[PDB]
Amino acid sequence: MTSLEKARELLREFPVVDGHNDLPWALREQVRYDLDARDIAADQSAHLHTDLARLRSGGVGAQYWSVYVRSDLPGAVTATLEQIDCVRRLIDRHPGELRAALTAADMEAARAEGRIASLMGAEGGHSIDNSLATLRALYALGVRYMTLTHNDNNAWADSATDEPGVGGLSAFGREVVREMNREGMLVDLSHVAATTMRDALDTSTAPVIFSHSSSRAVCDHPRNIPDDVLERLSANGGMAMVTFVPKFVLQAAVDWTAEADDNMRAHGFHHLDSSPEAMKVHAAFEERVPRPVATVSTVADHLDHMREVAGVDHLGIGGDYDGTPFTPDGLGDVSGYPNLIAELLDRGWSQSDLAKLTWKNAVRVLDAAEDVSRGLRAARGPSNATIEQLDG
């Protein structure tokens, strides 16, 4: 049998727990949650990275559905609740394929049934509107991780893609990490600045995750993780879940995006400007300078290195499917994972390495959060501290 045939057999036993998929956001944006217009029980390949048949072909057995919302629009709490409701509806619509998962035991029960465990992760600390009770409410509704920032600073944590602000976490950001630990909610350090990564590692008495971050040593971009941070993962007990975003994982794509943004600025536009005029300048650039293409090999290079630095017990996969418009060759949509495992097989990764990578690490990590939480819930009550009290 080929390495791809081997990869599929491996995935049948220990399937992918994917750390981050933005299908609910794509459904919000494409069809305002008209679930029938994007039915995942049918082929959605013209519109979406994700449907159920492709998840099957990809060997996915658990998914952290992102409940991402925009930090630059008001009503983030309300939008979050709508994102969470989008997830609940998908689960309710597809009970043969999907099973709601709140615990590492739910993940395993799902695997033994052959259903995809469906968990949730909030994407950015703005979803709590500086309110500890709101954090506790997201937990009560099934949220099992929170990325401390999205693309911009919040009042209490700094983003990797914004200028320095509080300098990592503030006193209230530490308090947030504390309540996350006591609740049992995974601290997600994707998107945050390296200063924040280090403060959260200092504060957290539970394993933390990176739900969709690759390697900064392999490809220098601040969305990636520095080696000094990966080096602390073993003691912390968490895991880094490699992402596929070409403009994070391929040096040529990083350089290209930077040159493209510089060209946008040369024409007097903000790089994120999406006007028709902004779009004309961009197409003219891409006409001159074709976009580089990342491959399965590009992603495997991050994994090789993270494995060397962090260790095989501290890795996972977070594809950012439906969260990003571009993908690596061979990692086109959520059916792609077997191509990555086949590559890793060709590079001498053992079958147990690979089962840790796909399944066992993520289960271990969520279990550990639950454990830490039990201790902290018996030790003290929930915090009633305010951002005003702690941060002034």
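Note that residue numbering follows the sequence shown and begins at 1.
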| item | value |
| --- | --- |
| Comparing 147-155 with 286-294, the one whose average Cα B-factor in the PDB entry is higher | 286-294 |
| Between the two ranges 274-282 and 241-249, the one averaging a larger CA B factor in the entry | 274-282 |
| Peak C-alpha temperature factor (PDB record), options 162, 123, 301, 199 | 162 |
| Top residue by Cα temperature factor, when 183, 313, 175, 113 are compared in the entry | 113 |
| Third assignment of residue 377 from its chain's C-alpha B-factors | middle |
| Residue 82 - Cα temperature factor, lowest/middle/highest third of chain | middle |
| Third of the chain, ranked by Cα B-factor, where residue 358 sits | lowest |
| Among modelled residues of the same chain, the CA temperature factor third for residue 367 | lowest |
| Residue 58 - Cα temperature factor, lowest/middle/highest third of chain | middle |
